[PDB]
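**Q** Protein chains in written order, with the entry's author numbering: chain F, 441 to 527; chain J, 149 to 247; chain K, 149 to 247; chain M, 149 to 247.
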Amino acid sequence: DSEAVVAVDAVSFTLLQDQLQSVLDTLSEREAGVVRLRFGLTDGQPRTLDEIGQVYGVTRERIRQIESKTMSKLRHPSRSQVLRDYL
Amino acid sequence: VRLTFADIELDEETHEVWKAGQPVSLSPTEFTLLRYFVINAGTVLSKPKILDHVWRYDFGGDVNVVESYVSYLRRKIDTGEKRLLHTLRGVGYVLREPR
Amino acid sequence: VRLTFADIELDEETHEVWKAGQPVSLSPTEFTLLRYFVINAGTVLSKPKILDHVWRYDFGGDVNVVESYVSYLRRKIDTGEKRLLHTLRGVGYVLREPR
Amino acid sequence: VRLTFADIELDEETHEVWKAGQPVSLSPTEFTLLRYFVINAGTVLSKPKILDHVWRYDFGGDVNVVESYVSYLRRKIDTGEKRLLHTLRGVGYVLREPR
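See the structure below:
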């Protein structure tokens, strides 16, 4: 059964969800929220630059810069090593 | 590290594309679209696939923008009406070599 | 330990330049910009990464500062309108040999 | 083993200094500073490393001491406003000759 749930990747996925939540919490609240609504983690829809700008009162260019900085600092060795095994 | 196929030679590091060996400039979105095409030479990529990867994930527009980009790339690199950038109706576009 | 790019000569040991036969002066920030450009010569640098590598990590200012700095470079290194140091809209800055 | 630059001369044995052969009496602190810049001529030197090396690591207060130093040397060894010990703001000082 191809579509059947394997019952182990589900546990891996929920633990990955918890670990990603914790990792996002380690960062600043502003950057964590920017990433969350940019990649659609709270809800299904990944919001757009205009949407995050209009909900955070920040220029779209500044939001792009802070998103890039957040991504670069989230590529940091310890976080990357922690998340590596989940792949 | 260059990505090449037949007459197309794309160097990401220097960010240039060669079609028989002369400079030619492309708009970025078209450039990354060509990069996606060349990295998957001989394998057809679906329209939602291309929209989700080469365009942004939350693209709320209509599809034919990808067909306009493909037409741009074709008239840029594929001069004749027999092309190396093949199209399969309902499945998408691909960069193979004609047989 | 020296730094060269065609007609561009940079020594970081005592912080001096020569262009086509005439040493010139320059600001420290734009000098570091030029140093980054010449060590990463032939490779495209994105403005996010450019700022993260040359300026403060916590720089909360705008982005037009890098445009002003590169303009200050251009009015000192290349007189001609055709440009040794080139710009790619949406991808960043690069240093090339004019073609 | 006696060390010179251009015409300024220094002995590491008798600790006498010559401004192009002219007498001068110099305090020991900026004496060691000057001896430093002669021993690493060909390199620009900045206050972090100045107060790190030629001043004790315990000194964690004021920073303008080296500026006052270079001020006394400026008034002492060079009569002209254009000084051989050029200053690059933010990166410290260097010891050259006018081009």
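The C-beta atom is built at its ideal place from N, Cα and C for all residues, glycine as well.
Among M/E245, M/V211, M/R247, M/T235, which has the Cα closest to the Cα of M/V192?
**A** It is M/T235 whose Cα lies nearest to the Cα of M/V192.
**Q** For F/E507, which of helix, strand or coil comes out of DSSP?
**A** Three-state result, F/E507: helix.
**Q** Under 8 Å between the Cβ atoms of J/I198 and J/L151?
**A** Contact: no.
**Q** What residues in the region 487 to 504 of chain F bring their beta carbon closer than 8 Å to a beta carbon of chain J?
**A** Residues passing the 8 Å Cβ filter: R487, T488.
**Q** If we define contact as Cβ-Cβ less than 8 Å, is residue 534 of chain F a contact residue for chain K?
**A** Outside the displayed span of chain F (441 to 527) sits residue 534 of chain F, for which this structure offers no information.
**Q** Does chain F have any CB closer than 8 Å to the CB of J/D210?
**A** Cβ-Cβ to chain F under 8 Å: no for J/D210.
**Q** With 9 Å as the limit, tell me which residues of the region 186 to 211 of chain J have their beta carbon closer than that to any beta carbon of chain K; keep them in chain order.
**A** Flagged: no residues at all.
**Q** Here's the rule I'm using: 16 or more other beta-carbon atoms within 10 Å means buried, otherwise exposed. How should J/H163 be labelled?
**A** Result: buried.
**Q** Below 8 Å between beta carbons: does that hold for F/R478 and F/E443?
**A** Result no, Cβ atoms of F/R478 and F/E443 do not sit closer than 8 Å.
**Q** Buried or exposed: where does K/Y241 fall if 16 or more other Cβ atoms within 10 Å of its Cβ makes it buried?
**A** So K/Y241 counts as buried.
**Q** Going by beta carbon distance, what residues of the same chain come within less than 7 Å of M/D159, once the five residues before and after it are set aside?
**A** Taken in chain order, the residues that qualify are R150.
**Q** Opposite M/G240 in the DSSP bridges: which residues?
**A** In the DSSP output, where bridge partners are listed per residue, M/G240 has M/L236.
**Q** Is the beta carbon of M/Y217 closer than 8 Å to that of M/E178?
**A** Cβ distance < 8 Å, so M/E178 and M/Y217 count as in contact.
**Q** In angstroms with no decimal places, state the Cα-to-Cα distance between M/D206 and M/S219.
**A** Rounded to the nearest angstrom, the two C-alpha atoms are 24 Å apart.
**Q** When burial is assigned at 16 or more other CB atoms within 10 Å of the CB, is F/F453 buried or exposed?
**A** Exposed is the call here.
**Q** Could you spell out where the beta strand (DSSP E) holding J/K167 opens and where it closes?
**A** J/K167 -> beta strand (DSSP E) spans 164 to 167.
**Q** Please name the residue in J/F153, J/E161, J/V172 whose C-alpha comes closest to that of J/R223.
**A** Ranking the options by Cα distance to J/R223, first place goes to J/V172.
**Q** Measuring only the C-alpha atoms, how far is F/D465 from F/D458?
**A** Cα to Cα, the separation comes out at about 11 Å.
**Q** Going by the DSSP bridge assignment, what does M/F153 pair with across the sheet?
**A** BP columns for M/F153 point to M/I156.
**Q** Give me the residue from F/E471, F/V475, F/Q494 with the minimum Cα distance to F/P486.
**A** Out of F/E471, F/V475, F/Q494, F/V475 has the C-alpha closest to the C-alpha of F/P486.
**Q** Between M/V218 and chain K, is the shortest Cβ-Cβ distance under 8 Å, so that the two count as touching?
**A** No, no contact with chain K.
**Q** What are the start and end residues of the alpha helix (DSSP H) that includes K/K195?
**A** Counting along the chain, the alpha helix (DSSP H) containing K/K195 begins and ends at 195 to 202.
**Q** Taking all protein chains shown into account, decide if J/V202 is buried (16 or more other Cβ within 10 angstroms of its Cβ) or exposed.
**A** Counting Cβ neighbours within 10 Å, J/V202 comes out buried, since at least 16 surround it.
**Q** Which whole runs of the alpha helix (DSSP H) in the region 451 to 525 of chain F are 4 residues long or more, in chain order?
**A** Entirely contained in the region 451 to 525 of chain F, the alpha helix (DSSP H) runs reaching 4 residues are, in chain order, 469 to 479, 489 to 496, 500 to 514, 517 to 524.
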